[PDB]
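Peer 1: Let me give you the complex in parts, starting here:
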Amino acid sequence: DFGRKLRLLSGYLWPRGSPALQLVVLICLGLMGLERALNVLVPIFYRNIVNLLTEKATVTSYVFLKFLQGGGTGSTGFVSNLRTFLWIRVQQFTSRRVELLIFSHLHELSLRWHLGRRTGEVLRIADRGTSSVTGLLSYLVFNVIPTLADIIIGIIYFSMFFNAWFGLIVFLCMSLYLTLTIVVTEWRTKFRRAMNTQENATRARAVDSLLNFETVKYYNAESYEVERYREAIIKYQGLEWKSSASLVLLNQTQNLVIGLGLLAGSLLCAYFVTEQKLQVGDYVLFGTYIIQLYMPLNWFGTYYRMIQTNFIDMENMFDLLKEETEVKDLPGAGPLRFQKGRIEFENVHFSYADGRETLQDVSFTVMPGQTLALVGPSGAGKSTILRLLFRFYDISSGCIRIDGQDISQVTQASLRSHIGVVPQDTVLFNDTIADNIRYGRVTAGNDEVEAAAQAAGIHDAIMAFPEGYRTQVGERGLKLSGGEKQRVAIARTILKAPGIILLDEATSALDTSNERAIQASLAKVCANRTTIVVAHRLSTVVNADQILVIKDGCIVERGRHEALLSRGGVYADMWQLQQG
């Protein structure tokens, strides 16, 4: 409902709790009230000028009128520019507020809603929504309210000038122009759609005839395809002629009824002045005043398709404002009493769909200073289990606790502030390398950045790179090798400094110097730490405290490397798979 629209937008014109911009909004509405006042009052002073020309038929008072002509007609576009100039800062604050609100609200967690959507449409609808808000409030307060107020105040000015049929015929003019502009823009839009479809068809046929140059040369369609492409060009250009001729008939019947309204009004004023029943000589006022009233009407009428496009851009954003979470912050959300790092699972379950069991009834209690290593099947059940330690997903039942307390009663940020997960990939934003390291924890100075780079050993890569300690990396910057990308990731987690460690070891192994180097840095970050590792490699699983393979939603075997080799479970099969 438009009542909800107007209430929400009158709220959207309210910046904040600071007294320095509400005053500017008051300046904006003050000049908005001033503009129509001058826009109706200064042609009366033009009428005074020509009337005093007739009555002096004086130069000093005529100059005291001409100064009003100068400072009045040099003020219409000038006050419009001042309005739009402060409207700029209005748009600045409103766009900041709505963009940061929707950018916070698209950073909630609903991952099944996330992953099906690409990033481009998700942020394109956000940009369309903020430019929707901008264009919508600016046009509805700049070219809808003031032009209707101008028409109303023109008819009421005539009602205090002379109450006659003149206001009725001018009202007939403006209403007729409005109605015809709306209905022939509705005539325009189907021609625009058909012309777009035909130009897409002809350009597609053109480029797809150009794609196979060798068969176009193999056959003698050299003079045939130009004829068929000219046929498609004619078939599009006829509809092009129809659309442009529809524009012609729009402007033609528009200017025709404008000329008829000028003719009727000017003849009735001409009859009045030759019959002298009113003040005479005023014909220039009613002459230019119809044009001056009309000049914003096509400025409105070119935006009937635009306001409905703003509506469909803002309504989906309004739906996107307030939707949902997947993990719900329950009340009583408190801190995470990081005593020892002891994580227990008790007959737990999970679903990302209906009856969806990638995990079903596993249970353990991993101790401080000890290491679980996990192999799974050819599936994302391992990463899913890793994500539900993180509470990236939800549980249907069971009991997941960390250090005695359940993971679901608490704040998410105070849960994931004591957690360091190594990802198999590594994003590189288009930025520099000390900011890329401080992405681990942004409260660092550069001393801890350099200390963590010397802890990992990747500072020598920063020596090999140009910019000192600020090497610009990313998509357009300075690129990297994959093990070094994982070295930047482990340097980020080293700077973040948790106690709970969760490695996502890549199945893509590297050179044995790179392999033993990443295992040695994993040792240097994992020594006397509560460590949980998913892996598919050898050196990780031949030393850990317990090795688990979790396939088809269950633990399929339990025990150390010697236990699996002495009982000969599925580790024998995957032993043949790692061999070859």
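Peer 2: That came through fine. Residues are numbered from 1 along each chain as shown, chains lettered A, B, ... in the order given.
Peer 1: Residue A:307 belongs to a helix?
Peer 2: Yes - assessed with DSSP: H, G, I helix; E, B strand; the rest coil, residue A:307 lies in a helix.
Peer 1: contacting residues for it?
Peer 2: A:136, A:139-140 (CB atoms under 8 Å, 6 or more residues apart in numbering). C-betas here are computed from N, CA, C, even on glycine.
Peer 1: for residue A:493, same thing?
Peer 2: Contacts of residue A:493 by CB under 8 Å, 6+ apart are A:420-422, A:440, A:501, A:525.
Peer 1: Checking it next. Helix, strand or coil?
Peer 2: With three-state DSSP as the basis, residue A:493 sits in helix.
Peer 1: if I look at it, how far off is residue A:456?
Peer 2: In this view, residue A:493 and residue A:456 are 9 Å apart by CB to CB, to the nearest Å.
Peer 1: need the strands for the stretch 251-400 of chain A, in chain order.
Peer 2: Ranges of strands within the stretch 251-400 of chain A are A:343-346, A:364-366, A:371-375, A:399-402, based on DSSP state E, counting those that start in this stretch.
Peer 1: okay, these in JSON lines with mean neighbour count and distance to residue A:201 next?
Peer 2: Output for those, formatted as JSON lines (neighbours: other CB atoms under 10 Å; distance: least, CB to CB, whole Å):
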{"stretch": "strand A:343-346", "mean neighbour count": "18", "distance to residue A:201": "60"}
{"stretch": "strand A:364-366", "mean neighbour count": "15", "distance to residue A:201": "63"}
{"stretch": "strand A:371-375", "mean neighbour count": "22", "distance to residue A:201": "54"}
{"stretch": "strand A:399-402", "mean neighbour count": "18", "distance to residue A:201": "57"}
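Peer 1: which stretch among these comes nearest residue A:529?
Peer 2: strand A:371-375 (8.9 Å; CB to CB).
Peer 1: which other helices and strands contact the closest one?
Peer 2: helix A:381-389, strand A:530-534, strand A:546-551 (3 or more CB pairs under 8 Å, 6 or more residues apart in numbering; DSSP states H and E).
Peer 1: neighbours of the closest residue to residue A:439 other than its chain neighbours, just the number please.
Peer 2: Nearest non-adjacent residue to residue A:439, counting by CB to CB, 6 or more residues apart in numbering: residue A:492, 5.8 Å away. As a burial measure, residue A:492 scores 21 neighbours (other CB atoms under 10 Å).
Peer 1: do residue A:288 as well
Peer 2: Neighbours around residue A:288, by other CB under 10 Å: 13.
Peer 1: what's the answer for the one 3 residues further on, then?
Peer 2: Neighbourhood size, residue A:291 [other CB under 10 Å]: 10.
Peer 1: Kindly report the same for residue A:50.
Peer 2: With other CB under 10 Å as criterion, residue A:50 counts 14.
Peer 1: Break chain A into its domains for me.
Peer 2: A:164-302, A:332-418+A:498-580, A:426-496 (automatic domain parsing).
Peer 1: is it possible to export these to CSV including distance to residue A:316?
Peer 2: What follows is the domains of chain A, written out as CSV (distance: least, CB to CB, whole Å):
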stretch, distance to residue A:316
domain A:164-302, 21
domain A:332-418+A:498-580, 25
domain A:426-496, 28
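Peer 1: okay, chain B goes in next:
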Amino acid sequence: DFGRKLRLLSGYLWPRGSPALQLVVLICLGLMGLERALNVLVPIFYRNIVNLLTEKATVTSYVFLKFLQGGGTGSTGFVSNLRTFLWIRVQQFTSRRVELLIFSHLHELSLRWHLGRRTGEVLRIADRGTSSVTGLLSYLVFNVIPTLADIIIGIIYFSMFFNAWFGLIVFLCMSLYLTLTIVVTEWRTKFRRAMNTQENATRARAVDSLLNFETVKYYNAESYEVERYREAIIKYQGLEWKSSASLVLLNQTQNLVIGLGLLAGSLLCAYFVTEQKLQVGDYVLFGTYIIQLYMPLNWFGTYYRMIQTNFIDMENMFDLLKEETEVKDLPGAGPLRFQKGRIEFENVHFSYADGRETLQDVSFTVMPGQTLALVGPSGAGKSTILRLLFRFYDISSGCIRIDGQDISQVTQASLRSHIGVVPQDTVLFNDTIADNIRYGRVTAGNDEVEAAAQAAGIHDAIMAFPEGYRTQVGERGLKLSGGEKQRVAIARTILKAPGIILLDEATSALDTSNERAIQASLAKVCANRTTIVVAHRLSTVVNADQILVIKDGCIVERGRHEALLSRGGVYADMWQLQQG
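Peer 2: Chain B goes in next, on the same frame as the chains above:
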């Protein structure tokens, strides 16, 4: 040079040899001469109206003036619409002529110039060139010549009205407005470029922060990345404020000097009317006339960047009009005396670059009704040799003849009208299947289409397909399997009906029913025909008249399948390769 530009465009306004559209061009220039005549003459009649209002201070002659007011002011935009309405058909013919000219000229053969260019930019520069021609001639004859003619005829009308300093100060106004609009559009363009670069940077940082949702959630950058993204938004929005404020200062100093010019002109006319040294009461004429002169000047000034963009769109198209060929049609280009189909090579060479020898000194004479089968190395030398039988490329030396006469002295179309080459791929245009078959030879009726479909055997696929004999195929239509795509290709070549056959057999083999079916259709098209085959298969090479392997620019062995197996050349090595 602009002299070449004006001469070429005055030629570009000349359609053809038909007397029905040059008359319409005469109508266009007649209304163009009429428009400025009425546009300067009707405010003089407004001046007559208000003057006769003062001198009657009559209604019948005043109505005989008011009818001129009606039919004159209801004619300015009306004659502009009629002009543009016939301008539409002018653009239709000129766009048809230039698009078909450039589409014929981009269908010449320079393949090294072809293949490095993608199709999209090649046709995008063509569309930009035709809209360049459209916008360039329409604006240079509609908003450059007429507004300069309007300013000139206004000053000369004043020179026949009263020769004074009034023309000089109004000329100062129009020239000053023109100069400031040009220089602040030059101020505008750098702000637009910087604003575009900043919005690209902020949206790239936004989407690349959104790309790795899981590491954004893994770290507590949930409240940090909104701050850094707000910092980038502020850094872009400041330049946005600067660009929009530059627009404000453009329109502000514009309307300021417009108000100053109105003030100076109106005061000098006010001094004149209060001193009565001219005809009096005429102040409305000089009042509205400055606005009416000015109204096309910003309509020009918004297109200074546009005309130079039209220039850079048309100049490259002018370079593209007339460039070159790779195979040159020598004079004496005659028919191809298709006696028997006997093709001879005599110490021939080829280069697509400097010192580029993929082929060097091969020589043979292939007979009628007999078959050469060709294997090469892992390279496109085979297809290159196939293309120089076609004369798709050029030769540096040697002697290539077909049926006694050299291939280079003749017309290309009469050479390639007796040639059927099977391509390894098959293009499917977005069209129907009988047109896809008639792509082989467009002079066919549907009887030969159905006869060729029953010759190949693919008419049963048309039975399996919905539309009878007009099944819509291509990129958006009804798709196909690869062997059936080659069946449509061989049906096209069957309809084309040459004598010279050149098969491009795929290395991708199929099922033995599909394999022996395509070999049987190749037999049904190749029986008692002059046949040349490139292949890598078995059934083609175990029966042909001679088998040649051509590697490193030379024939590496010669002989039949039994000859290569009894001498044991490289066919032994490739025998091990086809085995495994």
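Peer 1: Same as before for the neighbour count of residue A:288, with chain B this time.
Peer 2: 17 (other CB atoms under 10 Å in any protein chain shown).
Peer 1: what's the nearest residue to it if we skip its chain neighbours?
Peer 2: residue A:43 (6.2 Å; CB to CB, 6 or more residues apart in numbering or on different chains).
Peer 1: Test my guess that that neighbour contacts residue A:283.
Peer 2: No - counting by CB atoms under 8 Å, residue A:43 does not reach residue A:283; the two are 11.9 Å apart.
Peer 1: distance of whichever residue of the stretch 251-400 of chain A sits closest to chain B from residue A:294?
Peer 2: Among the residues of the stretch 251-400 of chain A, residue A:259 lies closest to chain B, at 2.5 Å counting by CB to the nearest CB. Going from residue A:259 to residue A:294 by CB to CB gives 12 Å.
Peer 1: what do you get for residue A:478?
Peer 2: 60 Å.
Peer 1: For those two, indicate the residue with more neighbours.
Peer 2: Neighbours per residue (other CB under 10 Å) separate residue A:478 from residue A:294, with residue A:294 holding more: 19 against 14.
Peer 1: Just list the residues touching that one, thanks.
Peer 2: A:174, A:177, A:258 (CB atoms under 8 Å, 6 or more residues apart in numbering or on different chains).
Peer 1: repeat that for 10 Å
Peer 2: The contact partners of residue A:294, by CB atoms under 10 Å, 6 or more residues apart in numbering or on different chains, come to A:147, A:151, A:173-174, A:177, A:254, A:258, A:261-262.
Peer 1: where does residue A:444 land in three-state SS?
Peer 2: coil.
Peer 1: Quick check on it: phi, psi?
Peer 2: Dihedral pair for residue A:444: phi -90, psi 150, per degrees, to the nearest 10.
Peer 1: The one 10 residues further on now?
Peer 2: The main-chain torsion angles of residue A:454 are listed as degrees, to the nearest 10 and equal phi -80, psi -20.
Peer 1: Within its local environment, how many residues does it see?
Peer 2: 12.
Peer 1: Residue A:419 now?
Peer 2: When neighbours are counted by other CB under 10 Å, residue A:419 comes out with 20.
Peer 1: Nearest spatial neighbour of it, chain-adjacent residues omitted?
Peer 2: Per CB to CB, 6+ apart, closest to residue A:419 is residue A:500, 4.8 Å.
Peer 1: Who are the contact partners of the one you found?
Peer 2: Contacts of residue A:500 by CB under 10 Å, 6+ apart are A:336, A:338, A:341, A:343, A:389-390, A:402-403, A:415-416, A:418-421, A:529-532.
Peer 1: buried subset of these?
Peer 2: A:336, A:341, A:343, A:389-390, A:402-403, A:415-416, A:418-421, A:529-532 (16 or more other CB atoms under 10 Å in any protein chain shown).
Peer 1: looking at it, residue A:416 is touching residue A:387, isn't it?
Peer 2: No - between residue A:416 and residue A:387 there is no contact under CB atoms under 10 Å: 11.3 Å.
Peer 1: before we move on, the earlier item: which phi and psi does the residue nearest to residue A:419 have?
Peer 2: Dihedral angles (degrees, to the nearest 10) for residue A:500: phi -70, psi 120.
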